[PDB]
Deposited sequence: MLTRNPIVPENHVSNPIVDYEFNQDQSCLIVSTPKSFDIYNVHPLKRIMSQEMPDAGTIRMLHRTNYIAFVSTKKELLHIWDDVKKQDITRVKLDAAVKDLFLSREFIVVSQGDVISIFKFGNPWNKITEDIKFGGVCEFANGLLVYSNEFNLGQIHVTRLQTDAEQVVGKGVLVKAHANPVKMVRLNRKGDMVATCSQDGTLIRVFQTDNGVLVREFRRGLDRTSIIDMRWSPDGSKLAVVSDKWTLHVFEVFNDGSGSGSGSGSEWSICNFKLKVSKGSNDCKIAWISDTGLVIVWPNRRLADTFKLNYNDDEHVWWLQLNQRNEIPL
């Protein structure tokens, strides 16, 4: 009966945090088990800091960004927001918030203040391991890559068409990119913006639902609105794997999570469902293939 309002993984993707109209819960991804649950109305977008007790959620009603203490069971602080949140990221140092046309950067810890002037951007962004990536506010095909020390950094003409989404690897030395076409998936070095690789998802155009690097950064998982799961070798050219995902009509969004160097989990918000995949390899024939092992309710 409880619908999922928002859901997201933690930085290593060992946890899944979700918000409902009545509460917000945290789960292990593999094995799928609920770690905790907290009665909480009006909880909007919600994020989690690693495997600590530090939780951040946005109040839909009062337009407030809370920092919730999971053991104290109370607010640490509340931050006033001026527009609707689009993205949210947490590190031990910074709180990166994407509200409206702007990216705001607060400090993680007292006094919980803004560290820099607000950055206007193109609508897509990513922050991971102190490394910020966002699209230029007018040149939507371009992306800025900067290290929060903010200061200036590298500019990359990623695509002709506007960039749709972006994904940093686990270390933070590479960024995967795609567009509205969803035909080409490019990989750049965060050091200098040089094109490392260029993948081809397919001939026809599709919207890309999610991307995610493997833990070692050797592989890149991709899911399109065609609802096909792709896997590309980096290896640090077409996909080495394909799998027609099992989707119903109500499904229109999901998120990928690597549980190992050879295991993925696809979380389905509307169906409240988690598909566990194994990435198999035949050393004799030098071929990869995907296998759907388990299908679990959240609950």
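**Student:** Hey, which stretches of the deposited sequence didn't make it into the model?
**Tutor:** Unobserved in coordinates, per deposited numbering: 1-13, 163-168, 256-266, 330.
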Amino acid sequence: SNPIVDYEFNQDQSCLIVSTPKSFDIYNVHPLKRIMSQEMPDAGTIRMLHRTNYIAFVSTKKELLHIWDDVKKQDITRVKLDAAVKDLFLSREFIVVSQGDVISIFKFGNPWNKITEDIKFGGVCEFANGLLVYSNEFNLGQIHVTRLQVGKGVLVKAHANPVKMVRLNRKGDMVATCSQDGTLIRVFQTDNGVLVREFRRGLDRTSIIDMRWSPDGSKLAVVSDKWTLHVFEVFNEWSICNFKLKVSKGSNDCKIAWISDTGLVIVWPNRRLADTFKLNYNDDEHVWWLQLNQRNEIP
From here on, numbers count along this sequence of modelled residues.
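**Student:** When the Cα temperature factors in the entry are averaged, is it 22-30 or 255-263 that ends up higher?
**Tutor:** Averaged over C-alpha atoms, the B-factors run higher in 22-30.
**Student:** Compare the mean C-alpha B-factor of 222-230 with that of 130-138 as given in the PDB entry, and name the stretch with the higher value.
**Tutor:** Per the deposited B-factors, the answer is 130-138.
**Student:** I'd like to know which of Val150, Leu88, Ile105, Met165 has the highest C-alpha temperature factor in the PDB entry.
**Tutor:** Highest CA B-factor of the listed options: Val150.
**Student:** Based on the entry's values, in what third of the chain does the Cα temperature factor of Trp112 lie: lowest, middle or highest?
**Tutor:** Highest third.
**Student:** Would you check the entry's CA temperature factor for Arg271 and let me know if it's in the chain's lowest, middle or highest third?
**Tutor:** Middle third.
**Student:** Would you mind ranking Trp288 by its C-alpha B-factor against the rest of the chain and naming the third, lowest, middle or highest?
**Tutor:** For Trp288, the deposited C-alpha B-factor lands in the middle third.
**Student:** Split into thirds by Cα B-factor across the chain's modelled residues, where does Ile4 land: lowest, middle or highest?
**Tutor:** Its C-alpha B-factor, which the entry lists for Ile4, ranks in the middle third among residues of this chain.
**Student:** Lowest, middle or highest third of the chain for the C-alpha temperature factor of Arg197?
**Tutor:** As the PDB entry reports it, the C-alpha B-factor of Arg197 lands in the middle third of its chain.
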